[PDB]
Structure formats: C-alpha cells, structure tokens
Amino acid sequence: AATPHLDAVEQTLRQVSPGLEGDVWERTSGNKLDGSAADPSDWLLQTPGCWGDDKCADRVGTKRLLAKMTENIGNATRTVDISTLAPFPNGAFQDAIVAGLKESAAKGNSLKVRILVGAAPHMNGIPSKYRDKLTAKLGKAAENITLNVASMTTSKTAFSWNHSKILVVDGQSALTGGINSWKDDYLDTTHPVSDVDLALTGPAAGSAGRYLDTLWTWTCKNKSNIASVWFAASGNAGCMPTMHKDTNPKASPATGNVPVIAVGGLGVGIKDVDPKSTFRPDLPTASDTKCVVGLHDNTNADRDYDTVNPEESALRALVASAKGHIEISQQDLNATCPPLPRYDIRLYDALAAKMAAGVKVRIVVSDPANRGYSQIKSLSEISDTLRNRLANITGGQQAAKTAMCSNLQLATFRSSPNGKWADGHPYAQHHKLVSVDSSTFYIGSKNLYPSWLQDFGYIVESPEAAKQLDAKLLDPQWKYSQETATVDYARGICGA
C-alpha cells in the first residue's frame, strides 16, 4: 500500500515459485541503498559515468564502482561471496578484490571466500590458475583465507551457466547488476561499455547469500563431473556448499527502511521444476518468435521452466504494475535465433497492454552497429513486434500503430552528442534495468531477451531512490539517446 508495485510482484512470485521463496526469490524489509554521505545517489554504481563527453575523460562512475568494491570487501569480517560470468576478474577489478582482501586480513580477520563463474564447458586449468594467481598476489594475506574457485556449466544444450554478477560481504552488503569484471570491455578502452550495478545493505544481502548457497550446493554436488564443474580450493579445504547459511546470521541485520524483492533463476540443469508450484498460466496467442520449428522454447513454451526461473515472471509483473510510465534499458530486447527464440511473448504482450491503456513505454537498447553487444539489425525488429502484439488487443494493425506511436519511445543508446564515441566505435550498453512510475526498479543481471541462465537481481520500491536513478542515469541517457529514436510520442516521431 506504501508498496503497490512490490505487493503485486510478490503475489505473482508466490504463485509461480512458492517452493523457492527465501532462496531463489525473497521479499525483505529494512534495507538501505548504500550511498556515501557526500553523494547519496552513488549507491547507483553506473559505469563509466562520463555523460556528455565523447572522450569519456572523467569516469566518475568507474572510479566509484572500483572504490566501492574495494571498500565493501575490505570491511569483511567473515565471508566474501562472488559470482560472475567467465572470464574470471582481471585488471582493476582483480586489483580491487586483492586490495579488499588484503585490508580485511590486515584488520585481523580470517575469511571464507567463494568465487563462482559460469562458462561454456579437456584438462581445464583456468580455475586453479585463477586461484593461484590470486593467492600469489595476496601473499601473506592468503594465509587465513579459506578459498573456493569454480567454473560451472549446468546445461550445454540450453547454453545454461551462471551469468549472475554478485558480491556479498558478511551477508550484510551486496553489489549486483550487469557489470562483468572484464578490463578490456569496461576499463582500458576509449569506448567503454555502459552498464550499472547497485550497492545495498540489509536483509536483502542475505537473500543474495542464500541464492549463492543454492548455486554452490549444486556446484559442490557436481564437482567431480568435468562436463559440469572445474573446482579449485586453497590448501586441504573442501567445497563450501552452504558458506552463507553456516557462517552468517539467518536474519541479516537491518540497516534502513527500504523494501526489496530479491529474485533470481536456476536456468536449466540444476532443478527441473518447483514441485510445490501449482501455477499454470495461459499460453499467449501465436507469434513469430520461434524462427525454427524444432527449437524447444523454454521462455514461451515450458511451464516448469518458469517455476524454477521466477525472475522472468518477476520482470513481466514489474511491467504490469506500472500506472504511468516504464523505462527499459537493455543490451537487447530480442535474442539471436537460433538457438534462442527471438523474444519473450508475454513480455511484449505486457508492454502492449500498458500502451493500449495509455501507459508510456521507453526502450533504449545498444546500437545494432555493435552486433557482441547487439542481437538485432534494426530497431524495427522491436517496433514491429510491439505493433503486432498491440494489433491483437486494439483491433488491428492501423490502431496498433496509433497506440504505439502515442505511447512509445524507442531508441539506441548514446551518452554524448556524438553518434559514436570519439574513437569511432559505437556505444555499447549492457544494463539490465527496468524502472516504473519513478517508484520501483530492477537492477540485476537478468536480460529481458530470451536467456536460460542463472541470473539474479533486486527490485527496489523507493520513490527517493527511483528519482535519484532518473536524475543520474535515465534522464542523461534520454537526453543523448533521443536523437536516435524511431518512435517518440513526446516529439510526434513515428518512423516505423
């Protein structure tokens, strides 16, 4: 009632995944967005944060991101819990992990540390190499660290492996979002990828620790299978499937008044169904999402998939909860087909339903001149799909186009007046961001394009924070990206 958007999302998740509540999704109270006293919006760990400058000279976002990683790890007294997408962290990302671990050891703490990566699935030396490079860099600081490093694959055929990007310390602080720890794409480049994480503290960090325990329980159970897991630990130490449960309080301490829903997914190959779920939604009217007939579509044609991937439903419910306006910032809304279907039909249906009811929708995606950081040739692949789904509920193609052009902003990303970076490379973006009503927003790793992965993120209902998100990210993004719009209701642009 103070939280109408989370209330609706929560009702949906209890129907979709009741057996996973607490572990793969969880509502908590008493959190805090963990910004500094000088610049309270800097819980919003955007990168590079160089708005207006095609040379990206002053990367205030990158600097804050690396500093906050180092700070949070250096405050650890018991545990550091990291997940990411392979390759393992390098460059200044690695440097921030090493500095933080050195700081916690210097303060006299003995830590347990897990570092989990997903990778495509042959004697694989990458995990042990990373373990040994990290230990060498830590030197004497490594002596009281109990370390686990692993690369995991849960389904080769569904391209399923961990893509979550989480950093949890002591079960108390959590950093999560879209940022992979890849120096060449994010840092040492004059065309850095634009992306975003958030920093919070409170009970919701425990939700992330329970999600990581779920992934590590599977990983440890499969650690003797090379097709599934390559594992390396320090000294005689064993695999830690439940480090969070065993080391941190089940109820993380309160730090603020912010309500949060944590939500993730198990992809394919960990658990095939939530046997407690009895939810059986209607299938959507027919679409052209599946480019090829023999593809098994987990996104649009597999009920049990949803029950172990509550995040898809959570994002669709977040869209359905909007009363006034929705802003989406993604790498892509569509996936490359094959082997994935091109789009989430129910997602586009939810966006259509909102535009038919006069709720405004903004979608900003990465420039197709990147297609790596794009999976479409043209924005018309998004507008055509929105139009066709609108036609089903507005009576036809003419009315569909009118509804779309009256309620849509659709564009490719820019962060300065230039159509490309000064170095000639197109802008790439990689956020996984949804905001509604200047009230409630998702920041995490789950892309809106079809994807069958282990992902994770937070849905936060706080108008104060959402307004900060507008001023610091969504408003500058639109200032520069609107130039590329093919549809823009606010300017009567209807090129599509």
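Start at 1 and count along the sequence shown; that's the residue number.
>> I'd like the number of residues from the deposited sequence that lie between residue 253 and residue 254 yet are not in the model, binned as none, 1 to 3, 4 to 9, or 10 or more.
In response: Count of unmodelled residues in between: none.
> What number of residues from the deposited sequence go unmodelled in the gap from residue 371 to residue 372, classed as none, 1 to 3, 4 to 9, or 10 or more?
Replying inline: Going from residue 371 to residue 372, the model skips 4 to 9 residues of the deposited sequence.
>> Highest mean C-alpha temperature factor of the two stretches 230-238 and 157-165, which is it?
In response: Stretch with the greater average CA B-factor: 230-238.
> As stated in the PDB record, which stretch has the larger average Cα B-factor, 48-56 or 431-439?
Replying inline: It is 48-56 that shows the higher mean C-alpha B-factor.
> Per the PDB entry, which option out of 132, 344, 103, 311 has the greatest Cα B factor?
Replying inline: That would be 132, according to the entry.
>> Quiz for you: based on the deposited Cα B-factor, which of 355, 422, 80, 204 is highest?
In response: Out of 355, 422, 80, 204, the record gives the largest C-alpha B-factor to 422.
>> Quick check on the deposited entry: does the C-alpha B-factor of residue 87 sit in the lowest, middle or highest third of its chain?
In response: Residue 87: CA B-factor falls in the highest third of its chain.
>> Lowest, middle or highest third: which one holds residue 305 when the chain's residues are ordered by CA B-factor from the entry?
In response: Middle third - that is where residue 305 ends up once the chain's C-alpha B-factors are sorted.
> Can you tell me which third, lowest, middle or highest, the CA B-factor of residue 324 falls into for its chain?
Replying inline: Middle third of the chain for residue 324's C-alpha B-factor.
>> Looking at the temperature factor on the CA atom of residue 72, which third of the chain's modelled residues does it land in?
In response: Lowest third of the chain for residue 72's C-alpha B-factor.
> In terms of the chain's CA B-factor thirds, is residue 271 lowest, middle or highest?
Replying inline: Highest third - that is where residue 271 ends up once the chain's C-alpha B-factors are sorted.
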